[PDB]
Amino acid sequence: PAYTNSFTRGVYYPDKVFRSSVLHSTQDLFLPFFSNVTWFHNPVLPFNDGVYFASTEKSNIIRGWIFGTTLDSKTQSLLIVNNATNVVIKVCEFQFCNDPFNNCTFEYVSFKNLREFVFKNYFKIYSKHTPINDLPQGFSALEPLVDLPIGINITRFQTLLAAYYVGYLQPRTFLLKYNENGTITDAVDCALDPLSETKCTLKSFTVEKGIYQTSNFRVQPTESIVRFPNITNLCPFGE
Amino acid sequence: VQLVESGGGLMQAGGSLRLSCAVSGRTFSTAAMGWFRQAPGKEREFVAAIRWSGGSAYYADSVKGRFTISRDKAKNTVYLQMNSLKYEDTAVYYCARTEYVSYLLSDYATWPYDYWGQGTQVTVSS
Amino acid sequence: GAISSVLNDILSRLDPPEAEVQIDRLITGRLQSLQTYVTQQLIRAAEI
Amino acid sequence: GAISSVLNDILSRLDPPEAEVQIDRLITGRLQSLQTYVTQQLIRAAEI
Amino acid sequence: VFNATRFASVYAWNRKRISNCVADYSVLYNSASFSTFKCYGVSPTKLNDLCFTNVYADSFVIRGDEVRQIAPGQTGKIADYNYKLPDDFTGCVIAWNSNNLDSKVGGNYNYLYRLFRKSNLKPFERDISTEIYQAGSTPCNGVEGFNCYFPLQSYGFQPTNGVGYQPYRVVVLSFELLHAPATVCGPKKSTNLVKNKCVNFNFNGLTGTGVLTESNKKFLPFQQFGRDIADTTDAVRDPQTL
Ligand SMILES: *[C@@H]1O[C@H](CO)[C@@H](O[C@@H]2O[C@H](CO)[C@@H](O)[C@H](O)[C@H]2NC(C)=O)[C@H](O)[C@H]1NC(C)=O
Ligand SMILES: *[C@@H]1O[C@H](CO)[C@@H](O[C@@H]2O[C@H](CO)[C@@H](O)[C@H](O)[C@H]2NC(C)=O)[C@H](O)[C@H]1NC(C)=O
Ligand SMILES: *[C@@H]1O[C@H](CO)[C@@H](O[C@@H]2O[C@H](CO)[C@@H](O)[C@H](O)[C@H]2NC(C)=O)[C@H](O)[C@H]1NC(C)=O
Ligand SMILES: *[C@@H]1O[C@H](CO)[C@@H](O)[C@H](O)[C@H]1NC(C)=O
Ligand SMILES: *[C@@H]1O[C@H](CO)[C@@H](O)[C@H](O)[C@H]1NC(C)=O
Ligand SMILES: *[C@@H]1O[C@H](CO)[C@@H](O)[C@H](O)[C@H]1NC(C)=O
Ligand SMILES: *[C@@H]1O[C@H](CO)[C@@H](O)[C@H](O)[C@H]1NC(C)=O
């Protein structure tokens with residue numbers, strides 16, 4: 001249940017488009033910058049939106065995930081296992097253990113270690129691997145690795161075993177900076193703080209001094225009122 | 001597709017009998033099963049129906065509180081538990097099957113069924 | 001040229017396929033109206 | 001309101017009978033946009 | 001899909017995914033076997049020149065007069081509770097009479113439809129639940145009776161029924177018009193590539209006119225093509241060559 005900081009982590013390339021020295025604004029599921037990532041050193045976690053997984057590895061202990069609504073034999077659940085050679089990904093209704101340490105249409109076969117993954121919905125998997133010196137300070141993008149057209153219903157998931165972190169994505173507008181070589185180098189969360197709203201309005205990372213109109217404040221109605229005249233002079237149904 | 005009835009026969013009034021009706025042969029689907037009865041010289045008359053899905057039951061007024069219809073999906077068998085037998089219950093009992101799904105359970109009381117068993121005699125004595 | 005001036009009326013009676021067309025007419029109209037207003041104000045401001 | 005912001009895409013997806021409609025939407029949009037640009041430039045040129 | 005022995009009920013409409021193959025659409029739009037062949041946001045002829053990441057063939061069966069409900073933004077029992085198309089649907093709907101196959105002496109009741117639901121379906125939503133519909137204020141607790149009805153009902157398919165009530169087989173083709181690598185292309189043949197000249201090029205349906213030059217862009221292994229500031233294509237990856 002421990003809280004550390006997702007400073008700028010959870011950034012991946014949104015699509016297959018190549019963009020160079022242009023700033024691009026996108027509405028997608030990105031992890032909130034400067035929110036909390038729950039820290040675990042194996043609990044069941046609901047997959048409400050996309051999930052951000054971040055593993056700090058000593059000896060590559062953890063190397064697998066189960067992704068299914070009930071994670072049980074009755075419905076087909078996604079099962080991904082790495083054993084240093086092949087990433088066996090299967091979508092069948094496999095009987096799963098109390099504590100894990102058929103009808104399978106689809107099949108595929110392939111702390112210094114920081115490994116960051118994003119899993120979202122069919123299924124999309126981005127990842128990035130880095131060396132490190134509790135969550136590292138900085139900025140880095142995740143390149144997509146896998147696209148599974150499985151259409152498996154997933155509302156819950158578990159890990160298969162080292163520290164790791166879990167974050168949950170949200171539909172947030174971001175501004176991404178592409179460099180000379182189309183690599184993402186910096187980003188802005190357009191809803192983090194007023195300054196970021198300003199940055200996103202101007203489509204810039206540098207706001208020179210001034211006053212800028214960013215948004216529109218509007219009170220929302222709390223309830224609906226319906227009024228009509230008193231009911232009377234019924235139709236003669238009795239007759 | 002065949003409906004094979006069994007059970008019933010002779011029982012003294014106040015006693016209980018169970019009828020079985022097994023469905024054999026390849027079925028695409030079953031909507032509902034029913035029991036009917038025909039007493040000598042009288043019209044065939046609805047007794048009970050059960051929806052295959054969910055197992056909700058519909059009964060003729062004459063058998064309410066006395067008879068129970070039930071289903072075993074895996075055995076493709078319908079049962080009629082006939083409790084508190086009366087002389088009025090003496091009849092040939094017929095199993096019936098339909099693939100017709102009505103939203104309205106009471107329709108099974110009056111629906112013409114597609115498949116019929118051979119009939120099983122129930123005789124209630126004094 | 002739309003069925004009504006009120007958006008809610010169109011939304012609540014016409015179903016989306018036709019409602020969309022009517023709303024497109026309404027949008028076009030007021031967008032044109034706003035453009036006209038802005039243009040006039042620009043010229044008025046030049047004068048002032 | 002068109003099915004795409006590209007013209008070739010429409011031409012490569014639809015027959016003339018309906019590509020006409022889509023292209024009409026695109027033309028209207030862009031012509032309006034050009035008119036706006038020119039109008040703005042006119043008064044900007046006035047002040048300069 | 002078209003030559004399938006049996007079809008699924010509309011409430012439990014089947015979905016077949018098509019990927020990594022060549023689609024000869026002529027066999028469909030040249031055939032005379034189909035009564036309704038309605039393509040939205042696409043012309044069939046052009047499909048021969050197009051690629052897609054995926055295709056979805058949704059198969060089911062309805063009665064004739066409800067075929068009109070297979071279209072974007074239609075209402076009724078089918079489009080509300082059984083099978084809903086999105087308002088921005090891009091694809092084809094094919095339907096043909098199946099009275100010779102799906103109807104029999106005495107009435108075929110194998111094919112169902114959902115008659116009640118607490119809300120309308122979302123596009124391409126699939127509801128196969130059999131929960132007792134609570135029409136009134138009294139909880140049913142899975143018990144049928146007054147204001148407690150089973151949500152499904154059978155179709156009355158007899159060979160003597162009116163064409164309106166006769167069974168029709170339906171196939172819905174939806175295309176993945178995404179920008180991503182495309183595995184479902186048409187029969188159109190490829191040619192050799194000419195560089196440093198003004199040419200009319202077509203790459204996987206992406207049409208244009210320009211001069212094709214060897215680039216120095218640091219494209220990633222997955223990146224298909226690039227755009228400039230104006231949201232226009234600027235650089236591509238050869239479908240036949242990396
Ligand atoms: C995925 O399968 C689960 C199986 O239960 C279903 O999701 C449930 O949806 C209901 C309706 O809101 C919720 O009350 C439950 O909380 C959900 N269950 C679980 C385990 O979370 C549903 O059939 C499918 N859901 C999706 C997202 O398609
Ligand atoms: C990882 O476990 C899998 C489970 O079998 C093994 O992967 C197999 O690799 C062999 C050798 O090429 C193939 O013939 C099989 O098809 C693979 N099986 C599957 C289903 O993936 C492999 O033994 C293990 N790798 C190790 C121990 O490094
Ligand atoms: C784009 O890639 C080029 C080529 O790798 C980068 O240029 C190199 O920059 C590094 C340090 O930044 C130097 O060690 C190399 O000597 C450079 N190589 C060449 C060929 O000059 C460049 O930095 C990248 N651009 C960005 C900003 O990402
Ligand atoms: C830090 O943890 C607290 C305690 O639950 C939590 O309320 C908060 O969301 C976290 N702060 C952030 C935004 O990181
Ligand atoms: C596999 O599919 C068959 C066919 O519907 C079904 O009978 C079986 O229950 C399925 N397996 C599991 C474990 O769900
Ligand atoms: C008939 O009268 C009864 C008893 O007064 C009442 O409950 C019922 O509402 C009446 N029927 C109609 C249709 O008004
Ligand atoms: C087919 O495509 C592959 C891409 O891996 C290429 O190597 C090969 O030369 C192509 N064959 C022909 C004859 O175009």
# chains A, B, ... in the order shown; residues from 1 in each chain; ligands from 1

call {"tool": "residues_near_ligand", "arguments": {"ligand": "ligand 1", "cutoff": "8 Å", "atoms": "only C-alpha atoms and all ligand atoms", "output": "NGL selection string"}}
result
:A and (46 or 69-70 or 153-156)

call {"tool": "residues_around", "arguments": {"residues": "residue 112 of chain E", "least_positions_apart": "6", "cutoff": "12 Å", "atoms": "only C-alpha atoms", "output": "PyMOL selection string"}}
result
(chain B and resi 29+31+99-103) or (chain E and resi 7-13+60-63+77-78+82+128+150-157+167)

call {"tool": "write_last_selection", "arguments": {"atoms": "N, CA, C and O atoms", "output": "compact mmCIF listing (two decimals), in the first residue's frame"}}
result
# COMPACT_ATOMS: atom_id res chain seq x y z
N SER B 29 -31.79 -27.60 -29.78
CA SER B 29 -32.20 -26.79 -28.64
C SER B 29 -33.54 -27.30 -28.10
O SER B 29 -34.31 -27.89 -28.85
N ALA B 31 -36.73 -25.57 -25.74
CA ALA B 31 -37.28 -24.38 -25.09
C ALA B 31 -37.98 -24.75 -23.78
O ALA B 31 -37.77 -24.09 -22.77
N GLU B 99 -39.31 -26.44 -29.23
CA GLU B 99 -38.18 -25.55 -29.41
C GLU B 99 -38.65 -24.09 -29.43
O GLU B 99 -37.84 -23.17 -29.51
N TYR B 100 -39.98 -23.89 -29.33
CA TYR B 100 -40.57 -22.55 -29.34
C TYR B 100 -40.35 -21.86 -28.00
O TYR B 100 -40.84 -22.31 -26.97
N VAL B 101 -39.61 -20.74 -28.04
CA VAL B 101 -39.34 -19.90 -26.88
C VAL B 101 -40.33 -18.74 -26.88
O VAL B 101 -40.27 -17.88 -27.76
N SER B 102 -41.26 -18.75 -25.92
CA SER B 102 -42.12 -17.61 -25.64
C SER B 102 -41.57 -16.85 -24.43
O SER B 102 -41.15 -17.48 -23.46
N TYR B 103 -41.63 -15.52 -24.48
CA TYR B 103 -41.30 -14.66 -23.34
C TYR B 103 -42.24 -14.95 -22.16
O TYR B 103 -41.90 -14.65 -21.02
N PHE E 7 -26.33 -20.67 -39.10
CA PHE E 7 -26.06 -19.31 -38.65
C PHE E 7 -26.41 -19.17 -37.16
O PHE E 7 -27.02 -20.08 -36.60
N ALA E 8 -25.97 -18.08 -36.54
CA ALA E 8 -26.28 -17.82 -35.13
C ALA E 8 -27.53 -16.93 -35.01
O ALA E 8 -27.83 -16.16 -35.92
N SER E 9 -28.23 -17.02 -33.87
CA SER E 9 -29.32 -16.10 -33.56
C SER E 9 -28.81 -14.67 -33.44
O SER E 9 -27.66 -14.45 -33.08
N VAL E 10 -29.70 -13.71 -33.75
CA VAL E 10 -29.30 -12.31 -33.83
C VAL E 10 -28.78 -11.81 -32.48
O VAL E 10 -27.80 -11.07 -32.45
N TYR E 11 -29.40 -12.27 -31.39
CA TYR E 11 -28.99 -11.89 -30.05
C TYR E 11 -27.59 -12.40 -29.71
O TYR E 11 -26.85 -11.71 -29.04
N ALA E 12 -27.22 -13.57 -30.28
CA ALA E 12 -25.91 -14.16 -30.08
C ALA E 12 -25.15 -14.25 -31.41
O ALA E 12 -24.51 -15.25 -31.72
N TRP E 13 -25.23 -13.16 -32.19
CA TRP E 13 -24.57 -13.01 -33.47
C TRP E 13 -23.10 -13.45 -33.40
O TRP E 13 -22.38 -13.10 -32.47
N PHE E 60 -25.51 -13.49 -38.65
CA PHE E 60 -26.72 -13.83 -37.91
C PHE E 60 -27.91 -13.97 -38.87
O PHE E 60 -27.73 -13.94 -40.09
N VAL E 61 -29.11 -14.18 -38.30
CA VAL E 61 -30.33 -14.39 -39.06
C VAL E 61 -31.46 -13.59 -38.43
O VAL E 61 -31.64 -13.60 -37.22
N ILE E 62 -32.27 -12.96 -39.30
CA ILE E 62 -33.45 -12.19 -38.92
C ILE E 62 -34.60 -12.48 -39.90
O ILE E 62 -34.46 -13.34 -40.76
N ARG E 63 -35.79 -11.92 -39.64
CA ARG E 63 -36.86 -11.94 -40.63
C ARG E 63 -36.70 -10.73 -41.57
O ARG E 63 -36.10 -9.72 -41.18
N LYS E 77 -36.50 -3.44 -32.24
CA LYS E 77 -36.07 -4.52 -31.36
C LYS E 77 -34.66 -4.97 -31.71
O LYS E 77 -33.84 -5.09 -30.81
N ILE E 78 -34.37 -5.14 -33.00
CA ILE E 78 -33.09 -5.68 -33.42
C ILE E 78 -31.95 -4.70 -33.10
O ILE E 78 -31.03 -5.01 -32.33
N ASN E 82 -30.52 -6.30 -29.84
CA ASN E 82 -29.85 -7.47 -30.39
C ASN E 82 -28.48 -7.14 -30.98
O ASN E 82 -27.47 -7.74 -30.59
N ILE E 128 -25.94 -11.86 -24.30
CA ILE E 128 -26.46 -13.22 -24.37
C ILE E 128 -27.06 -13.62 -23.02
O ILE E 128 -27.31 -14.80 -22.79
N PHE E 150 -39.30 -13.85 -19.67
CA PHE E 150 -38.04 -14.30 -20.23
C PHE E 150 -37.66 -13.37 -21.38
O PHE E 150 -38.48 -13.09 -22.25
N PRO E 151 -36.40 -12.88 -21.45
CA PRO E 151 -36.05 -11.82 -22.40
C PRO E 151 -36.06 -12.24 -23.87
O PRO E 151 -36.21 -11.37 -24.74
N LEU E 152 -35.95 -13.55 -24.15
CA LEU E 152 -35.84 -14.02 -25.53
C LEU E 152 -37.16 -14.60 -26.05
O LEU E 152 -38.02 -14.98 -25.25
N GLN E 153 -37.34 -14.62 -27.38
CA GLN E 153 -38.47 -15.28 -28.04
C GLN E 153 -38.05 -15.81 -29.41
O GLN E 153 -37.23 -15.17 -30.08
N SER E 154 -38.71 -16.89 -29.85
CA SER E 154 -38.41 -17.56 -31.11
C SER E 154 -39.01 -16.83 -32.31
O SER E 154 -40.06 -16.20 -32.23
N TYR E 155 -38.40 -17.08 -33.48
CA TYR E 155 -38.94 -16.66 -34.76
C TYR E 155 -39.81 -17.77 -35.36
O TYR E 155 -39.47 -18.95 -35.28
N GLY E 156 -40.97 -17.38 -35.89
CA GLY E 156 -41.85 -18.31 -36.58
C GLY E 156 -41.51 -18.42 -38.07
O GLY E 156 -42.00 -17.63 -38.87
N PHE E 157 -40.57 -19.32 -38.40
CA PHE E 157 -40.10 -19.49 -39.76
C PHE E 157 -40.74 -20.72 -40.41
O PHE E 157 -40.26 -21.87 -40.27
N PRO E 167 -37.13 -16.11 -43.30
CA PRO E 167 -35.80 -15.92 -42.74
C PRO E 167 -34.81 -15.36 -43.76
O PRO E 167 -34.65 -15.93 -44.85

call {"tool": "interface_residues", "arguments": {"of": "chain C", "to": "chain E", "cutoff": "10 Å", "atoms": "only C-alpha atoms", "output": "ChimeraX atom specification"}}
result
/C:15-18

call {"tool": "write_last_selection", "arguments": {"atoms": "N, CA, C and O atoms", "output": "PDB file, in the first residue's frame"}}
result
ATOM      1  N   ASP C  15     -34.487  11.873 -33.503  1.00  0.00           N
ATOM      2  CA  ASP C  15     -33.448  10.908 -33.168  1.00  0.00           C
ATOM      3  C   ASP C  15     -32.116  11.330 -33.794  1.00  0.00           C
ATOM      4  O   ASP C  15     -32.130  12.106 -34.739  1.00  0.00           O
ATOM      5  N   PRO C  16     -30.959  10.808 -33.333  1.00  0.00           N
ATOM      6  CA  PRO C  16     -29.655  11.314 -33.756  1.00  0.00           C
ATOM      7  C   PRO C  16     -29.410  11.477 -35.253  1.00  0.00           C
ATOM      8  O   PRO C  16     -28.894  12.522 -35.639  1.00  0.00           O
ATOM      9  N   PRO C  17     -29.697  10.499 -36.147  1.00  0.00           N
ATOM     10  CA  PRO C  17     -29.436  10.674 -37.583  1.00  0.00           C
ATOM     11  C   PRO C  17     -29.918  11.986 -38.197  1.00  0.00           C
ATOM     12  O   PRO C  17     -29.120  12.697 -38.800  1.00  0.00           O
ATOM     13  N   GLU C  18     -31.191  12.351 -37.945  1.00  0.00           N
ATOM     14  CA  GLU C  18     -31.776  13.586 -38.454  1.00  0.00           C
ATOM     15  C   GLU C  18     -31.434  14.784 -37.554  1.00  0.00           C
ATOM     16  O   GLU C  18     -31.364  15.938 -38.013  1.00  0.00           O
TER      17      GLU C  18
END

call {"tool": "select_by_dssp", "arguments": {"residues": "segment 34-232 of chain E", "states": "strand (DSSP E or B)", "output": "PyMOL selection string"}}
result
chain E and resi 36-40+52+55-63+91-97+108+112-114+133-134+145+148-149+152-154+157+167-175+184-185+198-203+206-211+225-227

call {"tool": "select_by_dssp", "arguments": {"residues": "chain D", "states": "helix (DSSP H, G or I)", "output": "PyMOL selection string"}}
result
chain D and resi 7-11+16-47

call {"tool": "residues_near_ligand", "arguments": {"ligand": "ligand 5", "cutoff": "6 Å", "atoms": "only C-alpha atoms and all ligand atoms", "output": "list in words"}}
result
residues 74, 75, 93 and 103 of chain A

call {"tool": "residues_around", "arguments": {"residues": "residue 88 of chain E", "least_positions_apart": "4", "cutoff": "12 Å", "atoms": "only C-alpha atoms", "output": "list in words"}}
result
residues 16 and 17 of chain C; 1, 2, 3 and 4 of chain D; 40, 41, 42, 71, 72, 73, 84, 123 and 174 of chain E

call {"tool": "residues_near_ligand", "arguments": {"ligand": "ligand 4", "cutoff": "10 Å", "atoms": "only C-alpha atoms and all ligand atoms", "output": "ChimeraX atom specification"}}
result
/A:1-7,32-38

call {"tool": "residues_near_ligand", "arguments": {"ligand": "ligand 2", "cutoff": "10 Å", "atoms": "only C-alpha atoms and all ligand atoms", "output": "count of residues only"}}
result
14

call {"tool": "residues_near_ligand", "arguments": {"ligand": "ligand 3", "cutoff": "6 Å", "atoms": "only C-alpha atoms and all ligand atoms", "output": "PyMOL selection string"}}
result
chain A and resi 179-181

call {"tool": "write_last_selection", "arguments": {"atoms": "C-alpha atoms", "output": "mmCIF file, in the first residue's frame"}}
result
data_model
loop_
_atom_site.group_PDB
_atom_site.id
_atom_site.type_symbol
_atom_site.label_atom_id
_atom_site.label_comp_id
_atom_site.auth_asym_id
_atom_site.auth_seq_id
_atom_site.Cartn_x
_atom_site.Cartn_y
_atom_site.Cartn_z
ATOM 1 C CA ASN A 179 13.228 15.632 -31.352
ATOM 2 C CA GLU A 180 15.466 15.553 -34.468
ATOM 3 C CA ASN A 181 15.014 11.768 -34.577
#

call {"tool": "interface_residues", "arguments": {"of": "chain D", "to": "chain C", "cutoff": "9 Å", "atoms": "only C-alpha atoms", "output": "PDB file with C-alpha atoms, in the first residue's frame"}}
result
ATOM      1  CA  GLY D   1     -18.654  16.761 -41.149  1.00  0.00           C
ATOM      2  CA  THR D  36     -11.633  34.377 -42.933  1.00  0.00           C
ATOM      3  CA  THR D  39     -10.537  39.240 -44.288  1.00  0.00           C
ATOM      4  CA  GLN D  40      -8.118  39.289 -41.333  1.00  0.00           C
ATOM      5  CA  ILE D  43      -7.527  45.044 -42.070  1.00  0.00           C
ATOM      6  CA  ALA D  46      -4.908  48.579 -43.500  1.00  0.00           C
ATOM      7  CA  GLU D  47      -3.167  49.310 -40.195  1.00  0.00           C
TER       8      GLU D  47
END

call {"tool": "residues_near_ligand", "arguments": {"ligand": "ligand 7", "cutoff": "12 Å", "atoms": "only C-alpha atoms and all ligand atoms", "output": "compact mmCIF listing (two decimals) with N, CA, C and O atoms, in the first residue's frame"}}
result
# COMPACT_ATOMS: atom_id res chain seq x y z
N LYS E 189 -2.57 -6.00 -58.26
CA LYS E 189 -1.17 -6.42 -58.33
C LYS E 189 -0.23 -5.25 -58.05
O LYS E 189 -0.65 -4.09 -58.17
N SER E 190 1.02 -5.57 -57.65
CA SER E 190 2.06 -4.58 -57.39
C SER E 190 3.02 -4.49 -58.58
O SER E 190 3.06 -5.36 -59.44
N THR E 191 3.76 -3.37 -58.61
CA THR E 191 4.75 -3.12 -59.65
C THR E 191 6.08 -2.75 -59.02
O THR E 191 6.22 -2.67 -57.79
N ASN E 192 7.05 -2.43 -59.89
CA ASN E 192 8.37 -1.95 -59.50
C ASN E 192 8.30 -0.49 -59.06
O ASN E 192 7.32 0.21 -59.35
N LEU E 193 9.33 -0.07 -58.32
CA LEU E 193 9.38 1.25 -57.74
C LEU E 193 10.34 2.14 -58.53
O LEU E 193 11.45 1.73 -58.86
N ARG E 237 6.90 3.66 -45.48
CA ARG E 237 7.64 2.41 -45.48
C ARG E 237 7.07 1.53 -46.58
O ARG E 237 5.86 1.30 -46.65
N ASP E 238 7.96 1.07 -47.47
CA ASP E 238 7.61 0.19 -48.57
C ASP E 238 6.91 -1.07 -48.05
O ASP E 238 7.48 -1.81 -47.24
N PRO E 239 5.69 -1.42 -48.52
CA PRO E 239 5.01 -2.61 -48.01
C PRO E 239 5.77 -3.91 -48.29
O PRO E 239 5.72 -4.83 -47.50
N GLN E 240 6.49 -3.95 -49.41
CA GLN E 240 7.22 -5.12 -49.87
C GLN E 240 8.66 -5.11 -49.36
O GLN E 240 9.32 -6.15 -49.40
N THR E 241 9.21 -3.95 -48.98
CA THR E 241 10.60 -3.82 -48.56
C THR E 241 10.68 -3.03 -47.25
O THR E 241 10.01 -2.03 -47.11
N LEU E 242 11.57 -3.41 -46.33
CA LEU E 242 11.85 -2.59 -45.16
C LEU E 242 12.76 -1.40 -45.49
O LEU E 242 13.82 -1.27 -44.90

call {"tool": "residues_around", "arguments": {"residues": "residue 178 of chain E", "least_positions_apart": "6", "cutoff": "10 Å", "atoms": "only C-alpha atoms", "output": "PyMOL selection string"}}
result
chain E and resi 51-54

call {"tool": "write_last_selection", "arguments": {"atoms": "C-alpha atoms", "output": "short mmCIF file (atom, residue, chain, number, x, y, z; two decimals), in the first residue's frame"}}
result
data_model
loop_
_atom_site.label_atom_id
_atom_site.label_comp_id
_atom_site.auth_asym_id
_atom_site.auth_seq_id
_atom_site.Cartn_x
_atom_site.Cartn_y
_atom_site.Cartn_z
CA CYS E 51 -5.76 -2.68 -47.32
CA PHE E 52 -6.97 -3.06 -43.73
CA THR E 53 -5.52 -4.31 -40.44
CA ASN E 54 -8.57 -6.45 -39.73
#

call {"tool": "interface_residues", "arguments": {"of": "chain E", "to": "chain B", "cutoff": "10 Å", "atoms": "only C-alpha atoms", "output": "ChimeraX atom specification"}}
result
/E:106-116,130-133,142-156

call {"tool": "write_last_selection", "arguments": {"atoms": "N, CA, C and O atoms", "output": "compact mmCIF listing (two decimals), in the first residue's frame"}}
result
# COMPACT_ATOMS: atom_id res chain seq x y z
N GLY E 106 -43.97 -26.85 -40.29
CA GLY E 106 -44.31 -26.84 -38.88
C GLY E 106 -43.70 -25.66 -38.12
O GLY E 106 -44.13 -25.41 -37.00
N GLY E 107 -42.71 -24.99 -38.70
CA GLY E 107 -42.12 -23.81 -38.07
C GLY E 107 -40.78 -24.10 -37.41
O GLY E 107 -40.65 -25.02 -36.59
N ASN E 108 -39.77 -23.33 -37.82
CA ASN E 108 -38.44 -23.45 -37.24
C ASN E 108 -38.35 -22.43 -36.11
O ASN E 108 -38.45 -21.23 -36.37
N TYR E 109 -38.09 -22.90 -34.89
CA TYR E 109 -38.04 -22.04 -33.71
C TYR E 109 -36.64 -21.98 -33.11
O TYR E 109 -36.49 -21.56 -31.96
N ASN E 110 -35.62 -22.40 -33.87
CA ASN E 110 -34.26 -22.47 -33.35
C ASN E 110 -33.64 -21.08 -33.23
O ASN E 110 -32.76 -20.85 -32.39
N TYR E 111 -34.13 -20.15 -34.06
CA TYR E 111 -33.59 -18.80 -34.13
C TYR E 111 -34.40 -17.88 -33.22
O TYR E 111 -35.62 -17.93 -33.25
N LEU E 112 -33.70 -17.13 -32.36
CA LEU E 112 -34.31 -16.29 -31.35
C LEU E 112 -33.98 -14.82 -31.57
O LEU E 112 -33.14 -14.46 -32.39
N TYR E 113 -34.64 -13.99 -30.75
CA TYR E 113 -34.34 -12.57 -30.64
C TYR E 113 -34.66 -12.12 -29.21
O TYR E 113 -35.61 -12.61 -28.59
N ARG E 114 -33.89 -11.14 -28.73
CA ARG E 114 -34.12 -10.54 -27.43
C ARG E 114 -35.28 -9.56 -27.54
O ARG E 114 -35.24 -8.67 -28.38
N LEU E 115 -36.27 -9.72 -26.66
CA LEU E 115 -37.50 -8.94 -26.73
C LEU E 115 -37.52 -7.81 -25.71
O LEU E 115 -38.21 -6.80 -25.92
N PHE E 116 -36.78 -7.97 -24.60
CA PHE E 116 -36.77 -6.96 -23.54
C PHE E 116 -35.34 -6.69 -23.10
O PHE E 116 -34.50 -7.60 -23.11
N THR E 130 -29.67 -14.22 -19.93
CA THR E 130 -31.01 -14.78 -19.87
C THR E 130 -31.74 -14.35 -18.59
O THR E 130 -32.69 -15.01 -18.19
N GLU E 131 -31.30 -13.25 -17.97
CA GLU E 131 -31.92 -12.74 -16.75
C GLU E 131 -33.41 -12.45 -16.98
O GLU E 131 -33.78 -11.90 -18.02
N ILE E 132 -34.25 -12.79 -15.99
CA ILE E 132 -35.66 -12.46 -16.02
C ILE E 132 -35.84 -10.95 -16.03
O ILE E 132 -35.32 -10.24 -15.16
N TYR E 133 -36.59 -10.46 -17.03
CA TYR E 133 -36.82 -9.04 -17.20
C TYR E 133 -37.89 -8.58 -16.22
O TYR E 133 -39.01 -9.09 -16.20
N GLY E 142 -35.48 -14.17 -10.27
CA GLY E 142 -35.37 -15.26 -11.22
C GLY E 142 -36.64 -16.10 -11.35
O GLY E 142 -36.57 -17.22 -11.83
N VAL E 143 -37.80 -15.51 -11.04
CA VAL E 143 -39.08 -16.19 -11.11
C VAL E 143 -39.95 -15.47 -12.13
O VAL E 143 -40.14 -14.26 -12.02
N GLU E 144 -40.45 -16.24 -13.10
CA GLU E 144 -41.30 -15.69 -14.14
C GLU E 144 -42.74 -15.59 -13.64
O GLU E 144 -43.15 -16.35 -12.76
N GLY E 145 -43.47 -14.63 -14.21
CA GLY E 145 -44.86 -14.41 -13.85
C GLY E 145 -45.30 -13.01 -14.25
O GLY E 145 -44.85 -12.48 -15.27
N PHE E 146 -46.12 -12.39 -13.40
CA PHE E 146 -46.67 -11.08 -13.71
C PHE E 146 -45.55 -10.03 -13.71
O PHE E 146 -44.85 -9.87 -12.71
N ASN E 147 -45.38 -9.39 -14.88
CA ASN E 147 -44.31 -8.41 -15.09
C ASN E 147 -42.93 -9.04 -14.92
O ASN E 147 -41.99 -8.33 -14.59
N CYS E 148 -42.82 -10.34 -15.16
CA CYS E 148 -41.57 -11.07 -15.07
C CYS E 148 -41.48 -12.07 -16.23
O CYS E 148 -42.09 -13.15 -16.17
N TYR E 149 -40.79 -11.64 -17.28
CA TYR E 149 -40.80 -12.35 -18.55
C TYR E 149 -39.38 -12.75 -18.92
O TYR E 149 -38.41 -12.09 -18.59
N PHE E 150 -39.30 -13.85 -19.67
CA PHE E 150 -38.04 -14.30 -20.23
C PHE E 150 -37.66 -13.37 -21.38
O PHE E 150 -38.48 -13.09 -22.25
N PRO E 151 -36.40 -12.88 -21.45
CA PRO E 151 -36.05 -11.82 -22.40
C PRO E 151 -36.06 -12.24 -23.87
O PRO E 151 -36.21 -11.37 -24.74
N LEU E 152 -35.95 -13.55 -24.15
CA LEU E 152 -35.84 -14.02 -25.53
C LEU E 152 -37.16 -14.60 -26.05
O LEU E 152 -38.02 -14.98 -25.25
N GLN E 153 -37.34 -14.62 -27.38
CA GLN E 153 -38.47 -15.28 -28.04
C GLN E 153 -38.05 -15.81 -29.41
O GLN E 153 -37.23 -15.17 -30.08
N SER E 154 -38.71 -16.89 -29.85
CA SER E 154 -38.41 -17.56 -31.11
C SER E 154 -39.01 -16.83 -32.31
O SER E 154 -40.06 -16.20 -32.23
N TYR E 155 -38.40 -17.08 -33.48
CA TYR E 155 -38.94 -16.66 -34.76
C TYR E 155 -39.81 -17.77 -35.36
O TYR E 155 -39.47 -18.95 -35.28
N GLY E 156 -40.97 -17.38 -35.89
CA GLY E 156 -41.85 -18.31 -36.58
C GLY E 156 -41.51 -18.42 -38.07
O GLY E 156 -42.00 -17.63 -38.87
